[PDB]
Amino acid sequence: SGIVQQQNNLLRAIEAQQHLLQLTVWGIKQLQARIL
Amino acid sequence: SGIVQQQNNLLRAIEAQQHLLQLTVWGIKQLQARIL
Amino acid sequence: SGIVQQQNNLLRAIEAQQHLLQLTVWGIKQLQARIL
Amino acid sequence: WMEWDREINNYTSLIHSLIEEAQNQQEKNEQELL
Amino acid sequence: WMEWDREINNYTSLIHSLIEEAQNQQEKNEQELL
Amino acid sequence: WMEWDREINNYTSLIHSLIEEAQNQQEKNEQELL
């Protein structure tokens with residue numbers, strides 16, 4: 001049970017880090033366009 | 001079996017997020033150099 | 001045992017990727033301020 | 001930057017693929033504990 | 001950029017939350033192997 | 001930016017270390033199911 005539960009916790013952390021990665025990718029393209 | 005399989009899936013997601021992180025690090029140094 | 005051990009390894013990778021994400025977020029705000 | 005864009009998109013799809021698959025597996029694993 | 005900042009902070013707290021919880025679970029799971 | 005570079009490199013090596021180790025463990029765990 002504690003293992004299936006840990007995997008939930010890691011899956012959730014991975015998903016939330018994916019959101020953060022799409023936010024930094026966004027931020028970079030905006031700076032890129034402004035720089036152009 | 002489903003647990004070893006989930007760990008595969010998370011390891012793979014972590015690896016693919018690592019690629020994305022090296023891509024945003026790259027993008028940032030390029031903007032940094034252009035800004036300099 | 002090898003499973004609890006893998007989960008350690010992934011948790012640790014997630015934590016270290018979180019550090020990297022806070023570093024790219026930082027880098028982006030610095031470029032943003034310089035751009036402003 | 002055009003190659004950058006492309007490798008972003010490729011890895012973003014891989015990732016999305018992998019997360020859906022892990023959500024499905026996560027559900028099965030929770031069921032099969034019972 | 002103001003919305004960007006805000007979604008960063010929201011996801012950063014979620015993440016931090018999730019990592020603490022996984023450190024606690026990691027400890028329990030290591031104990032319970034014994 | 002010079003400190004930024006350095007903390008990037010330190011965490012990037014840690015991560016790479018951790019992923020290799022998890023690929024090895026992943027292999028063992030797949031074997032030992034049998």
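Residues numbered from 1 in each chain as written, not as in the entry; some residues may be left out. Chains lettered and ligands numbered in written order. Heavy atoms only, no water.

Student: So what's going on with the overall build of chain A? Which residues, and what values?
Tutor: Each helix and strand counted, chain A has one helix and zero strands in total. Structurally, chain A occupies a C-alpha span of about 55 × 5 × 5 Å along its principal axes. In chain A, buried positions account for 64% of the 36 residues. Working note: accessible area of chain A is about 1400 Å², and carbon and sulfur atoms make up 50% of it. (Helix = DSSP H or I, 4+ residues; strand = E, 2+ residues; numbered from the N terminus. Buried < 20%, exposed > 50% of the residue type's maximum accessible area, 1.4 Å probe, protein only. Areas by Shrake-Rupley, 256 points an atom, 1.4 Å probe, with all protein chains shown as cover.)

Student: Kindly report on the interface of chain E and chain A, identifying the contributing residues and their values.
Tutor: Taken residue by residue, the interface counts 14 residues in chain E and 18 residues in chain A. Around 1400 Å² of area is buried between chain E and chain A when both sides are counted, 72% of it from carbon and sulfur atoms. Inspection of the chain E/chain A interface yields zero salt bridges. Here chain E and chain A share five residue pairs in polar contact between them. When its residues are assigned to classes, the side of chain E that touches chain A shows eight nonpolar, four polar and two charged. (Contact = heavy atoms within 4.5 Å. Buried area = accessible area lost by both parts, 1.4 Å probe. Salt bridge = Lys/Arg side-chain N within 4 Å of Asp/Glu carboxyl O. Polar contact = N/O pair within 3.5 Å; in protein donor to acceptor, adjacent residues only side chain to side chain. Nonpolar A, V, L, I, M, F, W, Y, C, P; charged D, E, K, R; others polar.)

Student: Any chance you could break down the interface of chain C and chain E for me, citing the residues and the numbers?
Tutor: In this assembly, eleven residues from chain C lie in contact with 13 residues from chain E. Between chain C and chain E lies a buried interface of about 1100 Å² when both sides are counted; carbon and sulfur atoms form 69% of it. When residues of chain C are sorted by the area they lose upon contact with chain E, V4(C), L11(C) and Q18(C) head the list and together hold 40% of the total. Joining chain C to chain E, the criterion identifies one salt bridge. Linking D5(E) and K29(C) is a salt bridge whose minimum nitrogen-to-oxygen distance equals 3.9 Å. Put simply, chain C and chain E have two residue pairs in polar contact between them. Looking at the side of chain C that touches chain E, its residues break down into four nonpolar, five polar and two charged.

Student: Lay out helix α1 (residues 2–32) of chain F with the relevant residues and their values.
Tutor: Look at α1(F): 45 Å from first C-alpha to last across 31 residues, which is about the 45 Å you get at 1.5 Å a residue. Among all positions of α1(F), only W4(F), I8(F), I15(F), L18(F), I19(F), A22(F), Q25(F), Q26(F) and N29(F) are buried. (Expected span 1.5 Å × (residues − 1).)

Student: So what's going on with the arrangement of the chains? Residues and values would help.
Tutor: Between chain B and chain E there is no contact, and the shortest C-alpha to C-alpha separation is 14 Å. The least C-alpha distance between chain D and chain F, which are not in contact, is 16 Å.

Student: Report on the nonpolar core, specifying residues and quantitative values.
Tutor: If you look at the biggest cluster of nonpolar residues, it comprises 54 residues, and the most contacted ones within it are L10(A), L10(B) and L10(C). Listing elements by their share of this core, those giving two or more residues are α1 (2–35) of chain A, α1 (2–35) of chain B, α1 (2–35) of chain C, α1 (2–32) of chain D, α1 (2–32) of chain E together with α1 of chain F. The residues touching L10(C), leaving out its near neighbours within four places in the chain, are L10(A), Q7(B), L10(B), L11(B), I14(B) and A22(F). (Core = buried A, V, L, I, M, F, W, Y, C linked by side-chain atoms within 4.5 Å.)

Student: Got a sec to walk through the packing of α1(A) against α1(B)? Specific residues and values, please.
Tutor: Look at α1(A) against α1(B): their axes get within 10 Å of each other, and the N-to-C directions meet at 20°. The angle between α1(A) and α1(B) falls in the class roughly parallel. Considering only the axes of α1(A) and α1(B), their crossing is left-handed. Tallied by class, the residues present in the contact of α1(A) with α1(B) amount to 19 nonpolar, ten polar and one charged. (Axes fitted to C-alpha atoms, helices over the stretch in contact; angles between N-to-C directions. Parallel < 35°, antiparallel > 145°, perpendicular 65-115°, else oblique. Left-handed = near helix turned anticlockwise from the far one by under 90°.)

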